[PDB]
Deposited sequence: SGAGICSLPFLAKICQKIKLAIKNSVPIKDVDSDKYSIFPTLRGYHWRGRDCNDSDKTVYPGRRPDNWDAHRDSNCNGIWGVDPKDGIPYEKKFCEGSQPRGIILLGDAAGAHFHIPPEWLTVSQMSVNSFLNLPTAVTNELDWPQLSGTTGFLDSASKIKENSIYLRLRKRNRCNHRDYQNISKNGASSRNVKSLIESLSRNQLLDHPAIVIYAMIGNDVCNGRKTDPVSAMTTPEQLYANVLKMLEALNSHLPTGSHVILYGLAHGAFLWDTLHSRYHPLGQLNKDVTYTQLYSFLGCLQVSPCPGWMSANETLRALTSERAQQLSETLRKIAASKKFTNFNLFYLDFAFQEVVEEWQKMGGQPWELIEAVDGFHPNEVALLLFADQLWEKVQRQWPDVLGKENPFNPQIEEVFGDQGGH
């Protein structure tokens, strides 16, 4: 990238990444007809990419008598009574979208172990490589909050769609691998919601590790976000959200991860690259990446158990700061809730299904929750919110069967 003509190309690419909006977006409404490059793997597919006033989550102009302005597949008029279908079937159902402000776990970062495990490698092992790369090695379309494809327990979005079919396609995964409270402001800008013209939304803020997982070149403890910084960062983010979200929205602050689980579970187990000759464990992976100063979480991926404990203590302190914000600060356009990171519940749910805890962590990176873990976290969030704050999720739409009868798959995803 140092060559002069080639560098102007490199700068342009990085610029597309960082803005976190689809590259294929003719009307610039941040929704795409193409899946990757921040396309409809990440947000609802644009049912008209030639019209910035047609996109998922919109309130339906004229009740969508003439066209499907919010891409939920419901539109037209019932010739029988002259009533628009979306008024008949959705008026009063309180639709809402789901928006994730998250990190690599929320984007569902995953390197296929098939790319690195020769014992099973074949012509089929790399067919997914171009999709994965142009999705920044994330798989939002299979994630726990916004997934909509056949899971390799289903996603928050699909549960919302099941509760009220009018929510079809109203998902947005605004997650970035390196996101934390320190940079969530750039994500707020890539979000799509008009406070007056769109449906309300559930926004989950789930930065579960990066505020304690920096420090790749210094004492990690000195690099971690402090409670005062996070308080300020999140407050400013919430104030910004208050100007985007329609009245009747809901914001959930999710606590940080129990990252000590990683070393405890994996330090003696073999990495995929170590399986053939039984010569690489996660201990060596963690040392290797740390030595190269590219560790994704030096504080928790350490053999120094004092460092791990300090990292966990900061994580708990930052989670208590989120809980304090939710208990003490109020915003006109949304209700605000805090939820703890449901570590014990997920691990117990998994063990009762016959699982082993090491099966919950991405095999290649030894860091992120994997697809199963993410759907278990989604299940625990759904049930807990349903039990405590059922208003957040809304009522079941009694006209879901009518919607299905008249509109079928509602245009698919």
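- In sequence order, the gaps in C-alpha coverage of the deposited chain fall at 1-5, 158-161.
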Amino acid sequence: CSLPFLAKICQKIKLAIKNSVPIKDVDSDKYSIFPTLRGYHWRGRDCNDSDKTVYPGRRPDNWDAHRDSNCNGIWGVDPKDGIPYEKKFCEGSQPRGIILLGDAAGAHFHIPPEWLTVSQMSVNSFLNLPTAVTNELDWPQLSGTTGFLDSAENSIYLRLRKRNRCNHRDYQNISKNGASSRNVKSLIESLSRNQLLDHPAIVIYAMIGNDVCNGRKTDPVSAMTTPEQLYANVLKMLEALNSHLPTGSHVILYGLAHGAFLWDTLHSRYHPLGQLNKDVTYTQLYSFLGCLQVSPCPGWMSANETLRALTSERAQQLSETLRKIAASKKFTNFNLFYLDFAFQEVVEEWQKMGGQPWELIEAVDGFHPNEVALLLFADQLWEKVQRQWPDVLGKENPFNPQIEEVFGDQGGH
From here on, numbers count along this sequence of modelled residues.
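- Once the C-alpha B-factors are averaged per stretch, 122-130 and 254-262 rank with 122-130 first.
- Between 203-211 and 236-244, the higher mean Cα B-factor belongs to 236-244.
- Take 370, 48, 344, 36 and read off each C-alpha B-factor from the entry; 344 has the highest.
- Comparing the C-alpha B-factors of 32, 351, 380, 70 in the entry, the top value falls on 351.
- The deposited CA B-factor of residue 384 belongs to the highest third of values across its chain.
- In the deposited entry, the Cα temperature factor of residue 283 places it in the middle third of its chain's modelled residues.
- Residue 80 sits in the highest third of its chain by CA B factor, as recorded in the PDB entry.
- When the CA B factors of the chain's modelled residues are split into thirds, the value for residue 198 lands in the middle one.
- Residue 159: CA B factor lies in the middle third for its chain, per the PDB record.
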